Every structure is written in structure tokens, then in C-alpha cells.
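K.L.:
To start, I am sharing the structure in question, which I have written as C-alpha cells.
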Ligand SMILES: *[C@@H]1O[C@H](CO)[C@@H](O[C@@H]2O[C@H](CO)[C@@H](OC3O[C@H](CO)[C@@H](O)[C@H](O)[C@@H]3O)[C@H](O)[C@H]2NC(C)=O)[C@H](O)[C@H]1NC(C)=O
Ligand SMILES: *[C@@H]1O[C@H](CO)[C@@H](O[C@@H]2O[C@H](CO)[C@@H](O[C@H]3O[C@H](CO)[C@@H](O)[C@H](O)[C@@H]3O)[C@H](O)[C@H]2NC(C)=O)[C@H](O)[C@H]1NC(C)=O
Ligand SMILES: CO[C@H]1O[C@H](CO)[C@H](O)[C@H](O)[C@H]1O
Ligand SMILES: [Ca+2]
Ligand SMILES: [Ca+2]
Ligand SMILES: [Mn+2]
Ligand SMILES: [Mn+2]
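Residue numbers (our numbering), protein chains in the order written: chain A, 425 to 658; chain B, 425 to 658.
Rendered as C-alpha cells:
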């Protein structure tokens, strides 16, 4: 039937959120995906992911139907400095269960250089790689870091961002909306995605949030997740 | 090539807006679509439309190419009372040039009960007719007051609303986003629309904003347009 988790805030232990690497839960009830310092000294090349414990049912083989989902979350990215040049970004992704971790930096901890695992991600790219358009930008990544579509947006440094991602099985429409209410700005980007086709060998996937800091000293930024709700309708 | 008008504010006698009926420009620099008390005495069954002077090229018959466009505007709807109940709503529409007006009330001043002319509109329905779902709601009307898709939303009485309407020719995706920043709420609705087909006998259309008040007395609400920008890319 339906599957829906909601995190008005975050709490340790909570056997619902599965943390990987640098990901951890601050005392603020905030989920910190990456680290800016570790052990007393500055750090970089940090990586963190937070996957939801339960796998989500994307499509059913029996009746050949597909699930229509909607996920919402608030993030706070802060960029300490200008030069070097902050990196790398944040992403919402989906991957088959027990599927290998992605690379660092530009691969937002989700994709691997050699087409390894079917992965789907919605990125918020802060660093311009050799394959990226001006940044920062929103990108719909379908089995590749090379977004199938992108949209440039102004980032409100240290300001709260509201993200809404919606998928309608019937129309195969994936729409992403980014809002910065304080300043009152709205960014909307949509494309066509066929979940069954992009995830042909998996009726179940693990939903998650991922982020990474740069490959060079000080090519970093903060990646905080305040709240996160999701709901699929198969 | 490209076509783009922008109205951070409205100026009286603006040779770029073709005001019709009750539509007029207040001294605030605000565009008032309907009157709730003309000349001082209350008024009902009001109708107003504001069309952009220049026609917009939707599709090129010589190239087969369709135009992608994006329009943005801020509206302020205020509902004086609960009873009887407010009506009828606001809408963004497109129609072939020198095309007949629509009927009052529930037809948002855009459609004619008996399918007369080709029309496309994005409605913000405040009144529930016999063909409507729980109001208020956003509706994508493709040649009919009977929205092909709708989405319910909570109206912020007298609060500013930010609307973003976007169409991508390449994917045929029409997405509508409604934001109330003060309260921080986001409503997103999208469907598939083929402009070339819904407007087969017109390569040009007139872009506009329309609104109407109810039939019964005191079944009125205000319909104000603060700003309005638009841009098509053929
Ligand atoms: C977005 O994320 C950043 C980083 O997580 C949030 O802010 C940081 O704000 C801290 C204040 O709470 C500030 O520092 C500290 O410094 C003060 C004195 O200045 C001490 O009293 C505290 O004990 C603590 O040591 C951090 O320096 C600052 N980080 C950055 C990179 O600027 C910010 O509030 C978040 N935004 C929202 C809306 O939550
Ligand atoms: C959005 O539109 C709202 C409706 O017009 C508007 O509020 C309304 O505010 C006016 C004040 O300008 C109230 O008016 C009356 O008072 C003035 C003097 O203060 C007189 O000149 C008028 O004749 C009248 O007596 C309206 O009553 C009030 N409407 C309601 C339903 O309460 C908002 O302020 C607008 N918001 C923005 C951002 O423009
Ligand atoms: C020069 O590229 C490398 O470093 C920058 C940081 O400066 C980015 O992190 C990028 O992903 C990584 O491949
Ligand atoms: Ca990048
Ligand atoms: Ca209606
Ligand atoms: Mn990118
Ligand atoms: Mn309706």
C-alpha cells in the first residue's frame, strides 16, 4: 500500500535513520552530513549519507504498476569562504538495496565513474566540475552525474532552503521545487523519468540524502538537514 | 526569437496592457481585476481581464518548433465574509487573437459554456461549482472549465501569493507553483500539455489574467495583481 516516514527533527539511535561515514546527528536535532573539522584539525574530502532504514517499493512486477512519491526536506548550506571555491554539494538519491557506495567529491557520494549501480539522484551542485553548467544548480541525475537537466539558482548562504520533490507515476513527471522563503525566491525544474526503466532489476530501493566536501583544503561547506518527510503511493 | 515583458508595478494608461471591463489600475500601482464596491455602492457579478498588448508566438508552422515559456506574478485575494461564500476566482489564460470573451462567474471570464473558442487557462478557483473538487484549488484547464488536473490549497486571506507557471516544449510539461512565503507554504501541480495541438489554428495567442466575482449578492472577493512577468523562447 502506502509508505511514509517523517522527521520533524532528528534523534540519535533512532533505528529509522541509517547513518554512513561522516553523517551524524548534532545535539540540535539537526542531521549533519559532512564535517568541517575532525579531531581538532581542519578537514576536507568529507563524505556522509543518511539512508532510511526501510526500503521503498518503487514498482510491482505482478501488476506492472509504478509508485508515485513525494519527499520534502529543509537544508542549510553554509560556505565559510570564497577562495578556494566551495564544494561539492548535496543530493537526494535512490539505489537498489545493498548497492555499493559512490565516490567522493564531484560524485556527491552517489555515483561511481564506471557505470556500476543503477542510481537516481536530485543534486544541489555547489562546485562546477568539467561536466557541470554554471553553479550552483539543481540537477536531475538519472544514472549519471551528468544531469539530464539543470537549473541555476542563487544560494542563500546559511539560509534555510525548502525542497519539494514530486513524482507522478501516471504521467512519468519528476518535478523539483526549491524555495527560500525568507528572501522569497522559487526555483522549479521538471523532466521525464521512467522509474521502471531506470531501475529494471529492483522493485525496491533505498531512499537517502548525501553530501560531500572538496578535494582541496578549504574547498568545503556545511551540509545540514533540518527536517525530512517522504511518502510513496504504489 | 524571444519575447518578454515585465511589470514590477502597473502604470495607468500603460500602452502595453489591454484592460477589459472592470479591470483597472489603482493608484497603488496595483492592477485591480474586479470591483467589490464600484462608485462606493457594493457590486456583484463583476468581471475583469488584462491582456498583454502584443500577441505571443506559441509555435512556428514553418519549423514545427513549439515555444517554451515561463510566467510569474503576485496576487492578493481578500475574502470579506464567510456567508454566503466567496467566488469565483482568478486565472491566467491564453487565447487566439480577437477571440470572444468568456462567460462570467464560474467560467472565470475565460470559457464559454458551449465550446466556442480554443482556450488554455491556469485557474485559482475559490468557488465550488457542480464540476469542481474541494476549493480553493489550482486547476490546469485545457479547453474546458473542467480542469484536467487540480490540487487543493489553503488560501492566506489578504496575503501575497507568488505564482510560477512554466512550460517546456521539449518535454511538453506544464508545471504550476504556488507559494505563500510569509507563512512558508508551497503548492506544486504539473501535467502534460501539447500546445501545438490544443491551439491547432493559431500560431499566436494573447496572454492574460482574468477574474470574476459571484452571482448572489455579497458573494464577492478581491482580485489584485501586484506584479507580472512573462517570457517565451521559441
Ligand atoms: C546554517 O549552518 C551554520 C553552521 O552549522 C549555522 O551556524 C553557525 O552559527 C554558530 C552560532 O550558533 C556559529 O558559532 C559558534 O560561535 C558562537 C560565537 O560566535 C559561540 O557562542 C557558539 O558556541 C559556537 O562556537 C558558527 O560559526 C556558524 N557557522 C558558520 C559556518 O558560519 C547557521 O545558524 C545555520 N543556519 C540556520 C538557519 O540554522
Ligand atoms: C492586498 O489587498 C487587500 C484588499 O484591498 C489590502 O487590504 C485592505 O486594506 C485597505 C487599506 O488600504 C482597507 O481599507 C479601507 O481603508 C482605507 C484607508 O485606510 C480607505 O481609503 C478605504 O476606503 C477603506 O475604507 C481594506 O478594507 C482592506 N481590505 C480588507 C478586506 O480588509 C492589502 O493591504 C493588500 N496587500 C498588499 C501587499 O497590497
Ligand atoms: C578539481 O576537482 C576536484 O576538486 C574540487 C574541489 O576544489 C571538487 O571537489 C571536484 O569534485 C574534485 O574532482
Ligand atoms: Ca559538481
Ligand atoms: Ca468554480
Ligand atoms: Mn552538476
Ligand atoms: Mn475548478
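Every residue, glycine too, gets a C-beta built ideally from N, C-alpha and C.
According to DSSP, which residues form a beta bridge with residue 597 (chain B)?
P.N.:
Numbered from its first residue, the second chain carries residue 597 (chain B) at position 173. According to DSSP, which records beta bridges pairwise, residue 597 (chain B) is partnered with B:592 and B:616.
K.L.:
Buried or exposed for residue 484 (chain B), please, with buried defined as at least 16 other CB atoms from any protein chain shown within 10 angstroms of its CB.
P.N.:
Position 60 of the second chain, counted from the first residue, corresponds to residue 484 (chain B). Flag for residue 484 (chain B) reads exposed.
K.L.:
Which ranges would you report for the beta strand (DSSP E) in the region 537–569 of chain A if only whole runs of at least 3 residues count?
P.N.:
Complete beta strand (DSSP E) runs here, min 3: 544–549 and 561–566.
K.L.:
Residue 562 (chain A) touches chain B at which residues, Cβ-Cβ below 7 Å?
P.N.:
The residue given as residue 562 (chain A) occupies position 138 in the first chain. Result: empty, since nearest Cβ-Cβ is about 13 Å, beyond 7 Å.
K.L.:
So residue 455 (chain A) and residue 429 (chain A) are in contact, right, with Cβ under 8 Å, and what is the actual spacing, rounded?
P.N.:
Taking the first residue of the first chain as 1, we reach residue 455 (chain A) at position 31. Taking the first residue of the first chain as 1, we reach residue 429 (chain A) at position 5. Actually they do not touch by this definition, with Cβ atoms about 13 Å apart.
K.L.:
Using a threshold of 6 Å, is the CB atom of residue 604 (chain A) nearer than that to any non-hydrogen atom of ligand 4?
P.N.:
Taking the first residue of the first chain as position 1, residue 604 (chain A) is located at position 180. Outside the cutoff, so no.
K.L.:
Which residues, in chain order, sit with a beta-carbon under 7 Å away from any heavy atom of ligand 3?
P.N.:
Taking each Cβ in turn, the ones that pass are A:508, A:509, A:511, A:512, A:529, A:530, A:551, A:553, A:638, A:639, A:640 and A:643.
K.L.:
Give me every residue whose Cβ sits closer than 7 Å to any heavy atom of ligand 1, in chain order.
P.N.:
Selection output, chain order preserved: A:500, A:502, A:504, A:582, A:583, A:584, A:646 and A:648.
K.L.:
Here's the rule I'm using: 16 or more other beta-carbon atoms within 10 Å means buried, otherwise exposed. How should residue 656 (chain A) be labelled?
P.N.:
Numbered from 1 along the first chain, position 232 holds the residue referred to as residue 656 (chain A). Answer is buried; the Cβ neighbour count reaches 16.
K.L.:
In three-state terms, what does DSSP make of residue 462 (chain A)?
P.N.:
Residue 462 (chain A) sits at position 38 when you count from the first residue of the first chain. Looking at residue 462 (chain A) - three-state DSSP - the assignment turns out to be strand.
K.L.:
Counting only Cβ pairs nearer than 9 Å, list the residues of chain B close to residue 428 (chain A).
P.N.:
Counting from 1 along the first chain, the entry for residue 428 (chain A) is found at position 4. Within 9 Å Cβ-Cβ: nothing; residue 428 (chain A) doesn't reach chain B, min ~18 Å.
K.L.:
Using the rule of at least 16 other Cβ atoms within 10 Å of the residue's Cβ for burial, across every protein chain shown, is residue 507 (chain B) buried or exposed?
P.N.:
Counting from one through the second chain, the residue named residue 507 (chain B) turns up at place 83. That one is exposed.
K.L.:
Taking Cβ-Cβ distances shorter than 9 Å, what residues in chain A pair up with residue 576 (chain B)?
P.N.:
Numbered from its first residue, the second chain carries residue 576 (chain B) at position 152. Residues of chain A passing the Cβ test: none, with the nearest at roughly 14 Å.
K.L.:
Please report the distance separating the alpha-carbon of residue 559 (chain A) from that of residue 503 (chain A).
P.N.:
Taking the first residue of the first chain as 1, we reach residue 559 (chain A) at position 135. Taking the first residue of the first chain as 1, we reach residue 503 (chain A) at position 79. Going by the C-alpha atoms only, they are around 14 Å apart.
K.L.:
Tell me which residues of the region 605–620 of chain B have at least one Cβ-Cβ distance to chain A shorter than 7 Å, keeping chain order.
P.N.:
Those residues of the region 605–620 of chain B that come within reach of chain A (Cβ to Cβ, closer than 7 Å) are 605, 608, 610, 612, 614, 615 and 616.
K.L.:
Taking any Cβ of chain B, which residues in the region 474–497 of chain A have a Cβ under 8 Å from it, in chain order?
P.N.:
For the region 474–497 of chain A, which is checked against every Cβ of chain B, not one residue is closer than 8 Å.
K.L.:
With 7 Å as the threshold, decide whether the Cβ of residue 467 (chain A) is near any Cβ in chain B.
P.N.:
The sequence position of residue 467 (chain A) within the first chain is 43, counting from 1. Cβ-Cβ to chain B under 7 Å: no for residue 467 (chain A).
K.L.:
I need the DSSP call for residue 632 (chain B), collapsed to helix, strand or coil.
P.N.:
For the purposes of this step, residue 632 (chain B) is identified with residue 208 of the second chain, where counting begins at 1. Here residue 632 (chain B) sits in strand by DSSP.
K.L.:
What residues of chain B sit near residue 597 (chain A), judged by a beta carbon separation below 7 Å?
P.N.:
The residue labelled residue 597 (chain A) in the question sits at position 173 within the first chain. What residue 597 (chain A) touches in chain B: 597 and 614.
K.L.:
Have a look at residue 640 (chain B) and residue 511 (chain B) and give me their C-alpha separation to the nearest angstrom.
P.N.:
Counted from its first residue, the second chain places residue 640 (chain B) at position 216. Counted from its first residue, the second chain places residue 511 (chain B) at position 87. Taking the straight line joining both Cα atoms gives about 9 Å.
K.L.:
DSSP has residue 497 (chain A) in a bridge; who is on the other side?
P.N.:
In the first chain, the residue the question calls residue 497 (chain A) occupies position 73. A:587 and A:652, per the DSSP bridge assignment.
K.L.:
Please return the same chain residues whose Cβ sits closer than 6 Å to the Cβ of residue 557 (chain A), not counting the five positions on each side in sequence.
P.N.:
Position 133 of the first chain, counting from 1, holds the residue named residue 557 (chain A). Same-chain partners within the cutoff: 574.
K.L.:
From which residue to which residue does the beta strand (DSSP E) around residue 428 (chain A) run?
P.N.:
Along the first chain, read from residue 1 onward, the residue named residue 428 (chain A) stands at position 4. Note, residue 428 (chain A): beta strand (DSSP E), 426–431.
K.L.:
Which bits of chain B does residue 439 (chain A) rub up against, with CB to CB less than 7 Å?
P.N.:
For the purposes of this step, residue 439 (chain A) is taken as residue 15 along the first chain, with counting starting at 1. Ordered by position in chain B, no residue passes the 7 Å Cβ test against residue 439 (chain A), which lies about 31 Å from the chain.
K.L.:
For residue 622 (chain B), name the three-state secondary structure that DSSP assigns.
P.N.:
As a working note, residue 622 (chain B) is residue 198 in the second chain. If DSSP states are grouped into helix, strand and coil, residue 622 (chain B) belongs with the helices.
K.L.:
Using only Cβ atoms and a threshold of 5 Å, which residues come within that distance of a heavy atom of ligand 6? Order them by chain position.
P.N.:
Listed along the chain, these residues meet the criterion: A:549, A:556 and A:563.
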